[PDB]
């Protein structure tokens, strides 16, 4: 098991805020709806409200009756995140003791509700009673996407089994998760003619495959059957056959299904007894249907459906391949609803990162690491307000919007949000996981190989070996990454040659001698390491312009792995949003800010102006790096346009990921005088 301490100050703050937020939740309030539906004493507690409202006005903080709600979804994410925080290195010993006690109380409380519910309703024994079993699988009575909500609890239980230090808690989580899988099988055999894939079910196949790994031998086949009930093979077949069926599909609905296809692959290939239990046909389909569907999905998404920050979707859906400008700009800027601002739901990138991660673990292809790094910085890290810890729903791509974050719904950050009842969007629930597990994908151990997935100052150890690796990195503020190795034994360090680096300037020095950048068949350079190894890896950052396939005149700028944004106008977090959907905050457009994002070359064409951008961002470039590399931290990166007219001439471009106090431009409108 990896242990990774994080020395990067921006990521330390991000992770510490999340631990504080997780600690602000009370177990009895998380447990209210489970208890109520199971007939157990609720101790007069209220649920946390918003998407965690239930049907009953006396238990809902806002007093509403049968509101649109997603009961259990955020409780499930909280179990995941509080578990992840036990494994991660942001929480102190004392924070971990308290959060672990809280996790144990929630896991035991849900198990108790499950068991009490099973006696009230034997036919549905094993159901997690977050809401009425009568609305499975399509919802009803204001309860939306039941299987999606249950998926979070089931996924949560696996994380608690994996990461709780409390033996009873692990055993309780396993019993709960296996009993829920048995429920899925019993429910579906009783409702054999009911389609349970038409309504969003989250990553239920994924979670159940993960349950099969933890189940007792005599339960595995039952859990595998449950998992496979949630494999949408008709979708997978289309994808495997090289179709792009995505136009009109809900994006966050779809992505986790393919992570579940990959979990099937992993579950069967990593347990020889399971692998051997398949037919020859089934065995071949692991590769020809499941892996192939996921590989092809990932590729079509990144090539044809992805914005410069690694994100996808508009109004929560995929649209026409390549029509990114159209989706981001031709859907209105009026306040409220889901319009231009509704690009790049943040859940989608949490899911894309998990898909890239399991594709990496199976294939070792460096392209998945390049994507991971890019999207982790420019969509996930970018999603957080560094003062509050809260996270985004949408990420607008058209210029002139602010970033809008959620609220706590707890006494955390009361100086910002006062006594307001929380909302607990999906994006806030994936959000808490993003920051609880923030250090889980820096390095991957595989036999005596150690893959460097991202470049961050950190220290890596693993209980399976006796080497310690300390990385110091600041890219792209400074260009040298160093590694220092201590301990005993040997290993093979695997390094990516980033596409974002100026290729001819990349240099690898190992123990004071330059090494060639020879790649293995998966794209990795390999360095033998042992005690006292010292590596300097020079990665000069490339400045580049990235347009949309459907509009050469809508252009974002990126320096090394950091997408830049222009700071346009001041924003006020108290008034800069409206509502859309179910209690979702959506950004309000600033048309004066948008007007500043016109990039008008003083002389010549837009094409010639773009050609005059230099990769090294030096004097003479049409976009010039202005910060001193040797002063300030990474977020002090700063750029200015040159040879342009109007307001853009005076703007600062800085990292998108750290921009939150102003409206911003990621994509600029290139225009002739």
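Residue numbers count along the first chain shown, from 1.
J.: What stretch has the higher average Cα B-factor here, 96 to 104 or 375 to 383?
T.: Per the PDB entry, the higher value belongs to 96 to 104.
J.: Quick one: say whether 267 to 275 or 422 to 430 has the higher mean Cα B-factor in the deposited entry.
T.: 267 to 275 has the higher mean C-alpha B-factor.
J.: Quick one: which of 193, 369, 83, 253 shows the highest Cα temperature factor in the PDB entry?
T.: Checking the PDB record, the top C-alpha B-factor among 193, 369, 83, 253 is at 193.
J.: Which one of 458, 288, 313, 222 shows the biggest C-alpha B-factor in the PDB entry?
T.: Comparing C-alpha B-factors across 458, 288, 313, 222, the top value belongs to 222.
J.: Which third, lowest, middle or highest, does the C-alpha temperature factor of residue 452 belong to within its own chain?
T.: Tercile = lowest for this residue's CA B-factor.
J.: Could you look up the Cα B-factor of residue 583 in the entry and say which third of the chain it sits in: lowest, middle or highest?
T.: It falls in the middle third of the chain.
J.: Ranking every modelled residue in this chain by its Cα temperature factor as given in the entry, which third contains residue 365?
T.: According to the entry, residue 365 has a C-alpha B-factor in the chain's middle third.
J.: Against its chain's modelled residues, does residue 23's Cα B factor rank lowest, middle or highest third?
T.: As the PDB entry reports it, the C-alpha B-factor of residue 23 lands in the middle third of its chain.
J.: Relative to the other modelled residues of the same chain, rank the CA B-factor of residue 14 and answer lowest, middle or highest third.
T.: Lowest third, going by the recorded CA B-factors of the chain.
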